[PDB]
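In the block that follows, a single chain appears as structure tokens, in the form deposited without this ligand.
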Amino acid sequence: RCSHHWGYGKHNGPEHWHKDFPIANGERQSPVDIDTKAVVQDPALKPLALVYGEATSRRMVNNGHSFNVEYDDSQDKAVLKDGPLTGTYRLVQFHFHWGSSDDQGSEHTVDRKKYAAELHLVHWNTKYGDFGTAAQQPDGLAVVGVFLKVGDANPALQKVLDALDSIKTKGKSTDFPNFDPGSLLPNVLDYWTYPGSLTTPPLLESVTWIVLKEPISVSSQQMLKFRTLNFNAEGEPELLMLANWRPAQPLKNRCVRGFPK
């Protein structure tokens, strides 16, 4: 399996995380609020390389604090190059973070504005040989973050939202083959990038954040689904996974870059 203690409740909420996970007050935490007014540009930035071509989806798994679509990362099937990055990151999995209401639920916020859910595409630098290892380096992981705003039903975000029923509780897994990750990527790829961390315990500060300025859409009828999901596991006391996002943290002495500007 894989247990789970922390969470998004009154006692286990992101508010207390700092306890078992001290770094939650680290000098590079995520998410953060991108203050467009202060965004900066770095001539050394390039356009996002999203080589999701050969990508091959495996299964979808409810890890008890979200649901995941896992890809085969033993080869460069699909990677992420250039952008603010240097090296090659292998996409290992993607997930989302919704809220208890359409009006909030995103970890990153642009000018304090929040969206329903926020998609997270997780890649790990190959120079470290494996996800685990890479996950402990200042530049081991890189996450491409796409927003989700209430609008029209998403054909793409449905093949996903479908299978959720077959993995409603913690631990369940569905064979979700032949799904294309790019299909959840907008068509415009301007992005914001800063040095952050994972937005969940262990909260390791080894993530490069590429947050795409252009949000993709989702029909409110779809957001209701994300909530159908269960926090507990087949047999525990049914607990709905309504909220599961970390509020924005201090940027500290960091600076969010922008591309093109």
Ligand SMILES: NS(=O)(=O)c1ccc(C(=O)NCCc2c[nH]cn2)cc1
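Note that residue numbering follows the sequence shown and begins at 1.
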Which has the higher mean CA temperature factor in the PDB entry, 85 to 93 or 70 to 78?
70 to 78
Going by the B-factors listed in the PDB entry, is the mean over the C-alpha atoms higher for 128 to 136 or for 156 to 164?
156 to 164
I'd like to know which of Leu239, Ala24, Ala243, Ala248 has the highest C-alpha temperature factor in the PDB entry.
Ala243
Looking only at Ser197, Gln222, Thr228, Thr193, the Cα with the top B-factor belongs to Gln222
Sorting the chain's modelled residues by C-alpha B-factor and splitting them into thirds places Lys113 in the middle
Taking the values exactly as deposited, rank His123 by C-alpha B-factor within its chain and report the matching third: lowest, middle or highest.
lowest
Check where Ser206 lands among this chain's C-alpha B-factors and tell me if it's the lowest, middle or highest third.
lowest
Could you tell me which third, lowest, middle or highest, the C-alpha B-factor of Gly53 occupies within its chain?
middle
What third of its chain's C-alpha B-factors does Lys37 belong to: lowest, middle or highest?
highest
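Just so it is clear, the following notes concern the form solved in complex with this ligand, a form of the same protein that is not shown.
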Answer with one of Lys170, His97, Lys114, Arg90: the residue that has a non-hydrogen atom within 4.5 Å of this ligand in the entry with it bound.
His97
Listed residue (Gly64, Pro202, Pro195, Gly26) with a non-hydrogen atom within 4.5 angstroms of this ligand in the entry with it bound
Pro202
Is there any non-hydrogen atom of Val143 lying within 4.5 Å of this ligand in the entry with it bound?
yes
Might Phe179 be said to contact this ligand in the entry with it bound, defining contact as any heavy atom within 4.5 Å?
no
Could you tell me if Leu148 has a non-hydrogen atom within 4.5 Å of this ligand in the entry with it bound?
no
With the partner left out of view, is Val122 within 4.5 angstroms of this ligand in the entry with it bound by any non-hydrogen atom?
yes
State yes only if every one of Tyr52, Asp76 and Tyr191 has a non-hydrogen atom within 4.5 Å of this ligand in the entry with it bound; otherwise state no.
no
Here the chain appears without its partner; judged in the entry with it bound, the stretch of 77 to 85, 183 to 191, 156 to 164, 114 to 122 with heavy atoms within 4.5 Å of this ligand is 114 to 122
Contact check, 208 to 223 vs this ligand in the entry with it bound, heavy atom within 4.5 Å, ordered by sequence, gives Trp209
